[PDB]
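Examining the three-dimensional arrangement
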Amino acid sequence: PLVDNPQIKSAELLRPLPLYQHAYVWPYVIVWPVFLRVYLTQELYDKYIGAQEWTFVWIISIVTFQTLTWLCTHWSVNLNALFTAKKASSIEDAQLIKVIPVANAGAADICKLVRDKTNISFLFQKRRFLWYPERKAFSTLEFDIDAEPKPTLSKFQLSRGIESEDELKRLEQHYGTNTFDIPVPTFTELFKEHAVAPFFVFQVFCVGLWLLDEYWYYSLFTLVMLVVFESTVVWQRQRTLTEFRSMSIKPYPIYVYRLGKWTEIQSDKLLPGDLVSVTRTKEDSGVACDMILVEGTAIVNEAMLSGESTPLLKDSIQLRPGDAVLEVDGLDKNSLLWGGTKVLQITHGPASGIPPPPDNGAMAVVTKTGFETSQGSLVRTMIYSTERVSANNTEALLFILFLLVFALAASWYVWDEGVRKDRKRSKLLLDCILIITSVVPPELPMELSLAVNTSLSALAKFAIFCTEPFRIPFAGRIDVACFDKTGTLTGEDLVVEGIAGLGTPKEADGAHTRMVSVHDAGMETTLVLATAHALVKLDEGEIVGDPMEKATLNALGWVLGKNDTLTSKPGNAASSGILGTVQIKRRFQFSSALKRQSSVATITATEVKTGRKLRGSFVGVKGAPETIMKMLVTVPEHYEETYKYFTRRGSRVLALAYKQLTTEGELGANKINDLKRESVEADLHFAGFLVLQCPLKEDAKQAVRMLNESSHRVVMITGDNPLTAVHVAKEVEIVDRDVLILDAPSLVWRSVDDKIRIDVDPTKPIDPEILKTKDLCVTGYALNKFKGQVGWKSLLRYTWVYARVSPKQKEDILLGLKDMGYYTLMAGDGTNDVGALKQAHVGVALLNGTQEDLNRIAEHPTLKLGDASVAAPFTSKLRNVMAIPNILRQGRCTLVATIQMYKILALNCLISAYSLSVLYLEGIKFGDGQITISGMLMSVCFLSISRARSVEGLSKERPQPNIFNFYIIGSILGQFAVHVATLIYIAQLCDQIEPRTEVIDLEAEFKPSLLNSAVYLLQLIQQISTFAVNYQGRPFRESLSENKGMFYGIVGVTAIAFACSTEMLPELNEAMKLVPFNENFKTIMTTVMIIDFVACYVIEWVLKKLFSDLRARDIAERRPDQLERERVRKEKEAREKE
Ligand code: ALF
Ligand SMILES: [Mg+2]
């Protein structure tokens, strides 16, 4: 292909033509002189231009054709290439490129090439593509890291930055300036871009058509309404663009080594290959671009990229043997500072001989700049290359045709009846066109985006921010909700229960129930509690890190030190035992694949009670018990039973182990740095078990109960031990019945109390009674072993809890669940779930943050998107899990609102059309003032109706997602039939009361008549009835009578119409040009209107009670026992309210 990228479908090379060769110039300047010559001759006047008003018809038709031909260039892109572009033979003569992306992933566009100095490039979706003469294609930009041969570390270690000004200019020309290009446009630009949309042009054409019939006030009113609607849409788009623009980072001065000297340079002028001095970041800022730490040590907080506030330690590369060892990203993941992440602390703990920077910061080398960073790429995909709210426009554009069928039938009948009695052809054609064009509603494909924006504002009220608005309707039909255990359903403040297994009471199974406090513990246990930790101390005096480490340090009672050392040498009664000091030399970072911490330290520990002096090098390891057994030199005889007994209750336990390398003296940096992961983790002894209690969040039970009671199903995925996950699920009430674990001892079912054990084969199908009678909890090992067998599908339907799941297997499970057609929701916070939030339909990043911090800000609650993250589409700044149902409520509102709007709009249009038809069979037309008053009243009613609130809780019913179904179509057809029958009966009765004169003259300046007033009153009452009868707000919103804001407007307009019909105010009828009535006509009209309203309400209520409830899926179907328990508890809650 012409370009090499998976997000562009096809592209070709074009060249512009001059103005006279355009498709909207030459054929028309051929056609027009011919028509002029035909008009100017008298013998060739037989083509039916004899009447003076057919010249207007032909002129308007030809001008409309020219306008359509011109607008076809702006409506589409392929037609633009066909109308004003010509294909180019080779790249040497090309001047424009037409680029079409992969479908539903952006918008196709034309772009201009630039040729610089040889270099051919072009910008598409704010991304720069460059031509490669060897591959004969365009591609994305290239950097030093992404080269096919992996560069040696000596490229970065011995780098001295850019030493040539010409090289600096060349690098500036090749890449771009380090900034985010999100330029908000002015009001005129958006108005000009929104004035060539097809529906705005259609509305202007309809305005002109109405103006052609001397309807001045109505045309002015609808023009004003269209203008203010476009203005508010443009304002909303501008506000959204400003909110998106507020994500970028303000420039700040930095120190840069250029031309052999240190210079203070702004942040936006950074280039690849530069050598910068990174230091402590300021408030509301971050790192300028992607960096690699050549020398130094950093403590950073990658909040935006992951959503976790736990600090990480980034080390340099000055120690690696970079003379010949190539660069890899698997091993050097700890030496890359990603852009957009705040830096907490800088510490120093050169080969090139460069003098140190004056600010005493660390040294770094820039890798990528601009939009090409990971955060930049995410932002670019977020803003430009993303889905839209509707993105298909298929059901609405068929609904318009469905209405137009009835419109065409009515117009054809009107035309035939008018041509039977020999009316004037021009006026009859204009009336038929006016009937045809009065049916199409211009905002029917819309009104899903506006509801989405309103729901977005309502959600942002609750401190919940959304980045992709097209996922809001997806929240209206979610069938499966996935959750995480650690960090989401568990609190951040842990309590240290104690230490066991250091040495006694014994149960029947052999488990040891000995409970030993933290204060009285062993020498090695206390020492490994002190050393084996990843927590750090800030220079200001604050303590940050993993909360478990904070809890165990508070329980230990030791006091930190400035040079990353721990000591308790001064006499403290809290410790009462081991005292001395320890200095950590090397720290090994936790990863999801190893589940272990290993730390090396220089120790000097003394025990006052018994002596046993300890000095020298030492290594301590903590983590999962199974890995400790994998690296234990002496397996205890009471390990597994005690571990299982202590983890049965839900307490979280961690295995602690120790080893001594040298009995005296320090190890030595030469082999301290030469030590590997496999060499240091061998022949380890056993220290003990640190057992703790994890507290549930106080909103977990309520949120899970609300999600389960509605039309949803909740499953839990975690990377913890199986027994703890099962206990947490049982406390949360995800599972009710007895559960069975499925694990290796190969591929055996076990029980929680280990009373039954079942052997099964991976190939044979699962026993159905196991699926039916009992719940399932499938671990990650057997999930890996079930990759392709026949039991893979069923295991994805009947289980609810997963344990020991790798980050890739989470996205595999989510993809498998999405394969069946179920809509999924995922909530998570850590980096273990970042690979699965994007794969799910809707993802929430539960940023655990204090609400006191949110209230503490004062600038000098709605906030902005700067403090949010880009890990997940939805981000909340509050620790409450109850934020999860709120989203699942808000979308549930939006669809509902959209549904009601559709119905109302369709019915309104239909009624109006047929009303005109009844007027147009008699030769009389509606008045200007009457139609203006009707339009104003309808606009006031719409504005009063459009405001509403939401119900505090979820409901067992679900909204209809699409348009074409039994409910909407049946209700529309029934109400339209009732309205048409009432109108026909009223017209026949009025013809019976007063005979028709049958004198057809078009010189009627609106002489008042009985039929006109009768049809006007009937259509006004019918419009008010269809406004006040389709208020979809019983289960999901508030009722009509419970909110006075629209109720007062409804009753006021109804009272005005009834006062007009009752002839209680004779002046008001003369103010609208109405003929006075008599008693029997008034009574029969009132009864007809009442019957119409009653029948419409009855039909709508019956159809809503019948077909509105969307049935729950088979996965979310609940057993009668759960329903009975729910009913009992609901009646208990009803009784205990007072
Ligand atoms: F903290 Al987890 F799966 F255990 F995200
Ligand atoms: Mg987590």
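Residues numbered from 1 in each chain as written, not as in the entry; some residues may be left out. Chains lettered and ligands numbered in written order. Heavy atoms only, no water.

Judging from the entry metadata, cryo-EM is the method by which this structure was determined, and 3.79 Å is the reported resolution.

Per the PDB entry, the protein goes by the name Cation-transporting ATPase-like protein and belongs to Thermochaetoides thermophila. What UniProt records for the protein under Cofactor (unreviewed entry) is the sentence "Mg(2+)". Here is the UniProt Catalytic activity (unreviewed entry) comment for the protein, exactly as written: "[protein]-with a C-terminal TM segment(out) + ATP + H2O = [protein]-with a C-terminal TM segment(in) + ADP + phosphate + H(+)". (UniProt positions renumbered as here; feature names shortened; annotations may be inferred.)

Domains assigned within the protein are domain 1 (8-140), domain 2 (254-383), domain 3 (389-446 + 888-1107), domain 4 (465-490 + 696-887) and domain 5 (495-691). One C-alpha centre belongs to domain 3, the other to domain 4; they are set 49 Å apart. Of the roughly 1,500 Å² buried where domain 3 meets domain 4, counting both sides, 56% is carbon and sulfur surface. Area buried by domain 3 at its contact with domain 4 is led by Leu888, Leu954 and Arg958, which between them contribute 45% of it. Counting every contact that joins domain 3 to domain 4 gives 1 salt bridge. The partner of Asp479 in a salt bridge is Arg958, with the nearest N and O atoms 3.6 Å apart. At the surface where domain 3 touches domain 4, the tally comes to 12 residue pairs in polar contact. Here the side of domain 3 that touches domain 4 is composed, by residue class, of 6 nonpolar, 4 polar and 4 charged. (Domains from an automatic or database assignment. Buried area = accessible area lost by both parts, 1.4 Å probe. Salt bridge = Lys/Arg side-chain N within 4 Å of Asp/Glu carboxyl O. Polar contact = N/O pair within 3.5 Å; in protein donor to acceptor, adjacent residues only side chain to side chain. Nonpolar A, V, L, I, M, F, W, Y, C, P; charged D, E, K, R; others polar.)

This part covers the environment of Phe1036. Tracing the sequence through the fold places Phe1036 in the loop between helix 30 (1010-1029) and helix 31 (1044-1062). Residues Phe1036 and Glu952, spaced 84 residues apart in sequence, show a C-alpha to C-alpha distance of 9.2 Å. (Helix = DSSP H or I, 4+ residues; strand = E, 2+ residues; numbered from the N terminus.)

We now examine the pattern of salt bridges. Opposite charge on two side chains permits them to pair, given that their charged atoms come into close proximity. Counted under the stated rule, the structure contains 37 salt bridges. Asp754 is the partner of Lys644 in a salt bridge, and the nearest nitrogen-oxygen pair spans 3.2 Å. Since its relative accessible area comes to 23%, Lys644 is described here as partly exposed. Linking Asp736 and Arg1125 is a salt bridge whose minimum nitrogen-to-oxygen distance equals 2.5 Å. The exposure class of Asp736 is partly exposed, given its relative accessible area of 34%. Judged by relative accessible area, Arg1125 falls into the partly exposed class, the value being 39%. (Buried < 20%, exposed > 50% of the residue type's maximum accessible area, 1.4 Å probe, protein only.)

In contact at an axis separation of 10 Å, helix 27 (residues 883-920) and helix 29 (residues 966-993) are set at 25° when each is read in the N-to-C sense. Considered as vectors, helix 27 and helix 29 are oriented roughly parallel to each other. Pair helix 27 / helix 29 crosses with right-handed handedness. Between helix 27 and helix 29, the residues in contact are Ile899, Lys903, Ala906, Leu907, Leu910, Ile911, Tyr914, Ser915 and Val918 and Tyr967, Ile968, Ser971, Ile972, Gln975, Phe976, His979, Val980, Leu983 and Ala987, respectively. (Axes fitted to C-alpha atoms, helices over the stretch in contact; angles between N-to-C directions. Parallel < 35°, antiparallel > 145°, perpendicular 65-115°, else oblique. Left-handed = near helix turned anticlockwise from the far one by under 90°. Contact = heavy atoms within 4.5 Å.)

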